[PDB]
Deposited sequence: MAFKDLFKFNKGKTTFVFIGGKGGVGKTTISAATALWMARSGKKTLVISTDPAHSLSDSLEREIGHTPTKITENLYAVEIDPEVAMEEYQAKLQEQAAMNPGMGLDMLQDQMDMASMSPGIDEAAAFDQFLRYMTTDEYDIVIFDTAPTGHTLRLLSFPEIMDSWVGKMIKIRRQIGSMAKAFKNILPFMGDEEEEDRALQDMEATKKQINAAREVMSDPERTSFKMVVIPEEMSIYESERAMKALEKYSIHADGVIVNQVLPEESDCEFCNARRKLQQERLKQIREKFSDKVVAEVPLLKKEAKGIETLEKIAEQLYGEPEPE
């Protein structure tokens, strides 16, 4: 019933963030889930916000900043902050730290605005920077709100003597600019509100059965349910299969099964599902669809 953790509302894009520690399979799960959604008839966009993109390696397809068709109903984007800058200036250094998260938030605004997709899936950077991304809207909201407030105060002062001294300011134009800033703020705030709406946005946590991943994600889940991001599902990836006759495997599997117990105890309030480690690398559409089919069942 992991597949039931995805809700859809006709005409309102569903958002899903796939997150977790480095190397646990975020990109693998994102690409498999997106392919599954596409086969299910959902118009799907999967977007990589990791500045070292891997979605293209994972699907084995060239993918750009603008939506790239992968297959019927599946489109993909690897965010390029240089291009994101251009699309910003045009609307109203592309290499400074923080730019990747600002450009990722811009993508969220775009698709929230158009509602062109049934579901948008974010393939996120490793934990620490994705928590920055997810807390960025509230910060952007406060900042824009403060700029507007200050700008209004300076305006009030500036025109306070128009009845005593010649005041040459253009109030019309000033009022339009304030109105434009307020509309930008309303957009930022609307997005913060969609992100913490469990009916629109969810976060699926990927872990592997190893303590360093478990502990990181346990800290992350706490930080998430602080920001009111709905984090309802945990996927345990790279689980060694029973078919392990050898002594090296047996030691590792025995330890993984104890970690699975810890996982089910630490995330006891969540739905937990497993994805087995394959005999080969998880890479390539056919392999990704088989992972999706075992996790979610056959596409509807």
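field: Unmodelled intervals of the deposited chain, in order
entry: Missing from the model are residues 1, 94-114, 323-324.
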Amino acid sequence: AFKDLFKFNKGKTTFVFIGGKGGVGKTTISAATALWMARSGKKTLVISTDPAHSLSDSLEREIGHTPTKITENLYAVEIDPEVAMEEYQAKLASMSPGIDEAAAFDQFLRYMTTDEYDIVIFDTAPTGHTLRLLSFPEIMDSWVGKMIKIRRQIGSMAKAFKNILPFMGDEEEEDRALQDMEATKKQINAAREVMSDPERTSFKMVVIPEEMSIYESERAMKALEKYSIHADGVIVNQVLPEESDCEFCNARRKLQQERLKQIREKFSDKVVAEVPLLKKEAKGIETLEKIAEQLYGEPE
From here on, numbers count along this sequence of modelled residues.
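Worksheet item: According to the deposited model, is the average Cα temperature factor higher in 148-156 or in 73-81?
Response: Looking at the record's C-alpha B-factors, the answer is 148-156.
Worksheet entry | Residue range whose averaged C-alpha B-factor is higher in the record, 180-188 or 212-220 | Taking the mean C-alpha B-factor of 212-220 and of 180-188, the larger value falls to 180-188.
According to the Cα B-factor stored in this entry, which of the following is highest: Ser30, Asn250, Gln257, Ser54? Each of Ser30, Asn250, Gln257, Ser54 was compared by C-alpha B-factor; the highest is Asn250.
| message | Looking at the C-alpha B-factor values in the deposited entry, which of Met205, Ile99, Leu134, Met168 comes out highest? | response | Comparing C-alpha B-factors across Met205, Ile99, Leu134, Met168, the top value belongs to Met168.
How does the C-alpha B factor of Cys246 compare with the rest of the chain: lowest, middle or highest third? Highest third.
Q | Ranked C-alpha temperature factor of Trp143 among modelled chain residues, by third | A | As the PDB entry reports it, the C-alpha B-factor of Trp143 lands in the middle third of its chain.
- request: Sort the modelled residues of this chain by their C-alpha B factor and say whether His129 lands in the lowest, middle or highest third.
  value: Lowest third.
Requested in this report: Place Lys21 in the lowest, middle or highest third of its chain's C-alpha B-factors, as listed in the PDB entry.
Outcome: CA B-factor rank for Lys21: lowest third.
Going by the entry, which third of its chain does the Cα temperature factor of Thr14 land in?
-> Lowest third - that is where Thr14 ends up once the chain's C-alpha B-factors are sorted.
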